[PDB]
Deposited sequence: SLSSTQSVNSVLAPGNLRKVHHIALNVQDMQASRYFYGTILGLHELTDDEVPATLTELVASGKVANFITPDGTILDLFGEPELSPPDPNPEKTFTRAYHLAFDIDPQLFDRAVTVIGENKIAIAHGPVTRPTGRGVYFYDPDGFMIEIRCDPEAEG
C-alpha cells in the first residue's frame, strides 16, 4: 500500500519556533530589547499560557508578519555544550530578514551592545551577520540586495 502524505500547502506556515532559555530576563533583553521583537502581553497569548506568561515562565515575541518566538524558562537545563562553537545535528540557526537599508544599523546595534559576532558581516546577492544568543543558539540577521 501507499502511505498517505500531506500535500504541498497543508502546512501553511511556521507558526512558532520555541527555544529553551536558562536566563529568561537575559533572553527577553536580547530578543525584545536589543533585537526589537515585539512582545505579546499575557492577554494576547493562548488561555493555556496566560499564567505562565504572567509568572514569567514563558515569553512570546513576534515578527510583524506574525511568526512567534516562544521562550521557555529552563533555569535547570544545560546547553548541548558550553562552547557555542561546538556543532551537533538538529537546530543550526534561526535567521531574521531586515530591510537592506537597516542592515548596517543592525551590525552597529550588535556592536554597541557588545554582542560577539560569530561570523561576518558579509556582503554579496545579500548581506549577513551571525551571532549567538545568551544560551549559545546562533542567530543570523540578513537582507536582500539593495
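Asks: Without any C-alpha position in the structure, which residue ranges of the deposited sequence would you list, numbering from 1?
Replies: In sequence order, the gaps with no modelled C-alpha are 1-6, 131, 154-156.
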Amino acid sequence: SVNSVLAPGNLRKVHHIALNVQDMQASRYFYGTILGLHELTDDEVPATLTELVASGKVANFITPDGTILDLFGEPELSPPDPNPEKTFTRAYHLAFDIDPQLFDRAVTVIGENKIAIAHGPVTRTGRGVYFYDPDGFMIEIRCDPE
From here on, numbers count along this sequence of modelled residues.
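Asks: With respect to the recorded C-alpha B factors, which stretch has the higher mean value, 111-119 or 85-93?
Replies: The recorded data point to 111-119.
Asks: Between 49-57 and 28-36, which has the higher average C-alpha B-factor in the PDB entry?
Replies: Per the PDB entry, the higher value belongs to 49-57.
Asks: Using the temperature factors in the entry, find which of 143, 6, 2, 139 has the highest value at its Cα atom.
Replies: So the option with the highest C-alpha B-factor is 2.
Asks: Within this chain, which third does the Cα B-factor at residue 125 fall in: lowest, middle or highest?
Replies: For residue 125, the deposited C-alpha B-factor lands in the highest third.
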